[PDB]
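Okay, here we've got a single chain as structure tokens, the form deposited in one PDB entry, with questions on binding and movement later.
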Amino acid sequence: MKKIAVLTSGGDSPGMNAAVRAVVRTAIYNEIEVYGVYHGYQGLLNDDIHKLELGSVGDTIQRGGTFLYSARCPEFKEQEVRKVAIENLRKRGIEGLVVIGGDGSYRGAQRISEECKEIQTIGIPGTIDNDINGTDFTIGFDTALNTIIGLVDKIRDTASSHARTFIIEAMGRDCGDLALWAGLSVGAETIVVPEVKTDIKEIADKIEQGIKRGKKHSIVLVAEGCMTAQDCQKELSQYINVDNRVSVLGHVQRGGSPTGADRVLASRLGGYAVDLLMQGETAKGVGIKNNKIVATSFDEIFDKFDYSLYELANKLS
């Protein structure tokens, strides 16, 4: 395991830079040469592959985004396209590949390991959505959670001033974790998530049962995986007429400097990925599970919602 490559694929997330840093430093510490692949799988294809020295990851651990960049490469689904990428790594004598990203990125890495005997692949879970198996938490989630919190905490100031109900849309793709953890953390009176049957008539009645008791407004936190905030506002108005506004938090959720949890998680997983390559492993995604650093086969991973937590937020509301 003398040469390894590292790349970032799928939606960027805070902490990806830390992960890349840990991969680069852990490799160099073990006398392993390391190449940055730029623009995710697209760079694999376009041969945008460049050696990285210690200094290439200076001033990165605190920075949001990915300095390696990420771009979609749907053509990577074609085995013949992969042959070009595979050759581009074998040209340089690369024996291992660390892929930082999500489910799609992992499938890329599985294919690389299946289709080239001389390359081992290890996946590192990078997404704000928390929607990746093999880990309780993905790199980005803690940062995005906090970002949502800070935004809604500011929305609550204006909601209180005007007794104004806000219907807020969170990211998450098909996962409700962001909406749930954030809704709890801001005392949201309703949390709408794809994992729980969504009862618009019931949410209406709950709000109305709140006005009578003297609560003049609420926060509805809506995971985009369930419906848009504007659709939630539309459907609610059938049952009830409250003075309300829609906020869509948007891409702000993907940015910012990573939190301590993300920097530590990224660093651990970045280091572990290199160690796994050194040990001859392949076709696994790393993660933290019940507070232990683990590695799971992409199979198992491809083959988590906390109903208890959801119930707690509802009882506290």
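Throughout, rigid core stands for the largest set of C-alpha atoms superposing within 1.5 Å between the two forms. Each residue number is its position in the shown sequence, starting from 1.
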Check: Averaged over C-alpha atoms, is the B-factor higher for 167-175 or for 147-155 in this PDB entry?
Finding: 167-175
Note to self: Please compare 186-194 with 85-93 and say which has the higher mean C-alpha temperature factor in the record.
What the structure shows: 85-93
Check: So among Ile128, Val222, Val242, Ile122, who wins on Cα B-factor in the entry?
Finding: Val242
Note to self: In terms of recorded Cα temperature factor, pick the maximum from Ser161, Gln238, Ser105, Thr138.
What the structure shows: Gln238
Note to self: When the deposited Cα B-factors of this chain's modelled residues are ordered and cut into thirds, is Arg21 in the lowest, the middle or the highest one?
What the structure shows: lowest
Check: Where does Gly210 sit by CA temperature factor within its chain: lowest, middle or highest third?
Finding: highest
Next item on the list: Consider only the C-alpha atoms of the modelled residues in this chain, order them by B-factor as the entry records it, and name the third containing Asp262: lowest, middle or highest.
Entry: lowest
Next item on the list: For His50, return the chain-relative third of its C-alpha B-factor as stated in the PDB record: lowest, middle or highest.
Entry: highest
Checklist line | Lowest, middle or highest third - CA B-factor, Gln42 | finding: highest
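Below: the form deposited in another entry, not depicted.
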Check: In a superposition on the rigid core, which residue from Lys83, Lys215, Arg72, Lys77 has a CA displacement reaching 2 Å or more between this form and the one not shown?
Finding: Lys215
Checklist line | Core-aligned CA displacement of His162 at least 2 Å between this form and the one not shown | finding: yes
Item checked: Closer or farther in that other deposited form, the Cα atoms of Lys216 and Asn146, when the shift from this form is 3 Å or more -> closer
